[PDB]
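> what would the 3D arrangement of this be:
(8 chains)
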Amino acid sequence: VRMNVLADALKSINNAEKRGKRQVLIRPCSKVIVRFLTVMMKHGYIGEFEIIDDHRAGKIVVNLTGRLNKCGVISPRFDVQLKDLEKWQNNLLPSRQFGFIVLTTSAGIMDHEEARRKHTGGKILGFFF
Amino acid sequence: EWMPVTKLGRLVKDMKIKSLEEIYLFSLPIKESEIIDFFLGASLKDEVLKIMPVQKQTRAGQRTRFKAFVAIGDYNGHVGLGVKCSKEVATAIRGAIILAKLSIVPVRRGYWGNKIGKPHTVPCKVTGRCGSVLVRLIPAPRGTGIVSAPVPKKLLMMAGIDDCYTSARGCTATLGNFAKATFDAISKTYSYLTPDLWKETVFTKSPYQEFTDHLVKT
Amino acid sequence: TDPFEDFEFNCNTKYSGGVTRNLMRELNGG
Amino acid sequence: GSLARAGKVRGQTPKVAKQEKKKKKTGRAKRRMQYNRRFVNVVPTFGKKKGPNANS
Amino acid sequence: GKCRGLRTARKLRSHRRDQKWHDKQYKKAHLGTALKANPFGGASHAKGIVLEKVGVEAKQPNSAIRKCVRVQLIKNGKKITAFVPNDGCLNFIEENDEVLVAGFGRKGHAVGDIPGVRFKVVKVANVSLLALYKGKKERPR
Amino acid sequence: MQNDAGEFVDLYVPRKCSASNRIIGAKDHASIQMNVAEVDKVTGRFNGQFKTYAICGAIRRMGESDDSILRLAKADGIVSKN
Amino acid sequence: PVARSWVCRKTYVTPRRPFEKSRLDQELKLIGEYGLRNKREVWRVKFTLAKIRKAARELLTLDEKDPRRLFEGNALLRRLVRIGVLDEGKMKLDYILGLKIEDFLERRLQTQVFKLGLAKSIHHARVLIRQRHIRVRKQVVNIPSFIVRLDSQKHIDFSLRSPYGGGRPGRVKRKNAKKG
RNA sequence: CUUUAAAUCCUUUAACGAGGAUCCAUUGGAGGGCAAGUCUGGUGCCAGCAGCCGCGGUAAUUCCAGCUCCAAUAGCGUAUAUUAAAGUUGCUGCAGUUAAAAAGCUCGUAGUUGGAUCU
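Numbering: from 1, shown residues only, chains lettered A, B, ... in the order given. The relevant structure is shown in the block below.
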């Protein structure tokens, strides 16, 4: 059955970006999906999106600027300290100049650079570059 | 001498096109190796990667031809790889060199960490594939050189990549597929959209429409 | 002695490796 | 499958005494000689890119 | 596919540890039966007493008689066949004398022409075969 | 493209597909650069201006070059509403 | 139990591919240019450079204000400029990755004796140092691999007992004088 | 002299001590893998070489030798165990249509995993 709705959301965005489509529909929505999307959009990868508020669980329509190479989830959500972050960056990211690892930490959901600035670890959700 | 057969060759011969980058910017096909000689034909150095005999069984025996894999490229920013099969080895090498010249692509170079000096490594992890051979290029810190097998090392050095880590999977023993895969990885360097290439493209005046009158009256 | 056609009529015999090595030595001697 | 011929070819090979040649340099001098032979002078080459021990 | 769960460490570890047995080299080195069947008993070399000289016909494409000796190892009394490497070297070995024997270089596998022989004679009468071959040392009189 | 000194280090800057906003390869020969002539507002003839649209070969192969060029022209005022 | 110390380490690395033509040519070029004895000297300098590069590469992954990065990087840079391998103008951690093997080979006492003119050739410099003719400041140095610091460059004299700089003829000169 | 319980070396001074500076560097190789001779003499599927492919049945680029050459060098070869190579044990990170491989099928307890939502 459907576990890890974030995996489905990220896979839908990835498959839609590969096909060149200019919008993608994500369902169901959740707080974690919206936080991950906001982290993407702050760095200018997806752009604006809308949350269709159906009265059981939301849907999202995400616009797709053609800047997203890959977006993925990391499952299971491994707990990542500050020391393991560089190893995770080497494993997941294409370069040291671009691409982010998203973690859920006690200060919220944010990229690896922000977690380094805030001096906190967390659990790795996914990545995008 | 060089009498161009194509419009692009004529424009190149008439000093119309300033650089090979103005060909690459418009994805124009190159159909005359004399263009490559006209632009990089002083820093290009070739290298015969391999000569292999292929045999086709016939009524009275095997017809044996020789396939030459030749890598070409100035050791700054450009590289190409050509394969040609012929009855005579020297003819095969000449044809392979021409094909290598025709296939020369630009190689985008980036930095591993900080951005002091001219680029030395690949801008990101790239991957090329050819018939079960997978070649992955990884940015490396300045001064580590090419960490690779000899066959991809030749192409990477001849493309200007100062230092790079590599990984390879598959039957790398077949030199043709290995060379094609690492060449594909090299040629994917300029097709990777990094955030420094996000700025909107400014369209310039295409070579055919810029010097259009130069061919109207010619 | 010419490596070029030595390779062209010895690559199936006992001397394939030697003539191949000589031909590659002629091509890129450094 | 007899064992009677066990040192046949070595036994019947005509012995040739080694020549009296000069001693070779050793250590840094030998490496300097190699460097001079290979990178400093191009005397024995004919432009054909042969080997160091080529007899043809 | 493969289980990827935060609490799958036992399953992953047990699956890997069970599957490692299907690896041939690991099973050889960890089962111990191949160590029991090894004439050297895990040793790199072994001394033996030569019982006879034999000539082992080579494999199908080649045609030669390889010189070997049956030797009975001192440590356990197991009989083996050891190839006497160089030419005219079988003339350096007598009956019932003592030899040192090493592996052939393929970890208990036959090497090349010689079928079923996985050892080579290194010494004879406390002098190496190379010292007798090059004339540096003579067999004790 | 810029080092820490601020200079530009790229060999060249590739053009991007006007529709998918992806880099167009140097050896992708199915890609096109189409110039649509700009027409004077009043007299309705060619005034020497044009709009340039670059489309990559993947879009053309897929068959979406028509929709892409039509959408780009509509967004540029060359094609009337609907 | 013994009062001895078993701490020791190897100072070179044998290359992975033993017969690479380009590697052999480069190593022979280094040996001939700097008058070294074997490939082990080249590999030793390679090993020291590799360890310095490894330390710098590790320190470049730390935060720019990490106190350990500051302390250790400053120490490494001060050491590198002390022996003159690194210019003091280029004293960032990223410039350590730009050093070559020849920068470290340049600081050898053999090379310095050749450069300061005390010897006519690099091999002459080696035999000079090995024959107790060269002193650094006030210390006779027999080791051609002696890496000369910047503060020690200005004091490389010809020894105060060497025939060439001190004033006592050797065995050969004395015997030839006794012949007549 | 110094060292040291005792000259038990290293260091220091002095005498003698190099032209073939005979005060004589070796260990493995030269078809490929892999650096470096289809040069000469011998043997002729023999003797032997060869980790692997292979060489040898009368020009043997591979055996036995001479010369020459190259690799490391006061060191080099060999046997065995082990690490990397091995993304051929795969957590990162492998495979399962046809190359080795998805249980005949379904149920089902432990095990593993588990949709949105509460500033």
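> gap between the closest residue in space to residue A:29 that isn't next to it in sequence and chain B?
Nearest residue to residue A:29, sequence neighbours excluded (Cβ to Cβ, 6 or more residues apart in numbering or on different chains): residue A:58, at 3.5 Å. Quick note: C-beta positions are derived from backbone N, CA and C, even for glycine. Remark: distance between residue A:58 and chain B (Cβ to the nearest Cβ, to the nearest Å) = 29 Å.
> right, and residue A:58 touches residue A:28 too?
Yes - at 6.7 Å, residue A:58 counts as touching residue A:28 under the criterion of Cβ atoms under 8 Å.
> could you check which of those two has the larger neighbour count?
Neighbours around residue A:58 and residue A:28, counted as other Cβ atoms under 10 Å in any protein chain shown, are more numerous at residue A:58. The numbers are 18 against 15.
> next one: the more buried one from residue A:125, what distance?
Counting by Cβ to Cβ, to the nearest Å, the gap between residue A:58 and residue A:125 amounts to 19 Å.
> before we move on, what about residue B:33?
With Cβ to Cβ as the criterion, residue B:33 and residue A:125 are 52 Å apart.
> and what of residue B:143?
Taking Cβ to Cβ as the criterion, residue B:143 is separated from residue A:125 by 36 Å.
> so for these two, which sits in the more crowded spot?
residue A:125 (23 against 18).
> name the single longest helix found in chain C.
Taking DSSP state H as the assignment, the helix of chain C that covers the most residues is helix C:16-27.
> who does it touch, helix- and strand-wise?
Judged by 3 or more Cβ pairs under 8 Å, 6 or more residues apart in numbering or on different chains; DSSP states H and E, helix C:16-27 is in contact with strand B:45-57, helix C:3-6.
> will you turn these into TSV that also has mean neighbour count and distance to chain G?
As requested, those are exported to TSV (neighbours: other Cβ atoms under 10 Å in any protein chain shown; distance: least, Cβ to the nearest Cβ, whole Å):
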stretch	mean neighbour count	distance to chain G
strand B:45-57	16	12
helix C:3-6	16	18
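> ok, which of the ones you listed comes nearest residue G:144?
Closest approach to residue G:144 among the helices and strands packed on helix C:16-27 is made by strand B:45-57 (37.8 Å; Cβ to Cβ).
> listing partners with orientation, what would you give for the closest one?
Strands flanking strand B:45-57 in the sheet, each with its direction: strand B:62-73 (antiparallel) (DSSP bridges).
> and the next helix or strand past the strand it pairs with?
Moving toward the C-terminus from strand B:62-73, the first helix or strand encountered (DSSP states H and E) is strand B:78-86.
> can you point out the buried residues in that following strand?
Across strand B:78-86, burial judged by 16 or more other Cβ atoms under 10 Å in any protein chain shown covers B:78-84, B:86.
> which one among those residues gets closest to residue B:23?
Distance to residue B:23 across the buried residues of strand B:78-86 (Cβ to Cβ) is lowest for residue B:78, with 11.8 Å.
> could you check how far that closest one is from chain E?
Applying Cβ to the nearest Cβ to residue B:78 and chain E gives a distance of 43 Å.
> is that residue in a bridge, and if so with what?
Here residue B:78 sits in beta bridges with residue B:106, as judged by DSSP bridges.
> quick one, what contacts it?
Applying Cβ atoms under 8 Å, 6 or more residues apart in numbering or on different chains, one finds that residue B:78 lies in contact with B:20, B:40, B:44, B:104-107, B:159-160.
> with just CA atoms, put the longest helix anywhere in chain D into CSV.
Longest helix of chain D, by residue count under DSSP H: helix D:28-35. This file holds the C-alpha atoms of helix D:28-35, laid out as CSV (Å, rounded to 0.1, in the frame of the first residue of the first chain):
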residue,chain,number,x,y,z
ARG,D,28,73.2,7.4,-8.9
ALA,D,29,75.7,7.1,-11.7
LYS,D,30,73.7,4.4,-13.5
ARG,D,31,70.5,6.4,-13.2
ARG,D,32,72.4,9.5,-14.5
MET,D,33,73.6,7.4,-17.5
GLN,D,34,70.0,6.2,-18.2
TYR,D,35,68.7,9.8,-18.0
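> just checking it against chain C, any contact.
No - Helix D:28-35 stays clear of chain C (Cβ under 8 Å from any Cβ of the partner chain), getting no nearer than 15.6 Å.
> which helices and strands does that helix pack with?
Contacts defined by 3+ Cβ pairs under 8 Å, 6+ apart place helix D:28-35 against helix G:21-34, helix G:122-130.
> quick one, strands of chain F?
For chain F, the strands defined by DSSP state E occupy F:32-39, F:46-55.
> just the angle between the longest one and strand F:32-39, please?
To tie it back to what came earlier, the one meant is strand F:46-55. Taking axes from the mean of the first three to the mean of the last three Cα atoms, to 10 degrees, one finds that strand F:46-55 is oriented at 150 degrees with respect to strand F:32-39.
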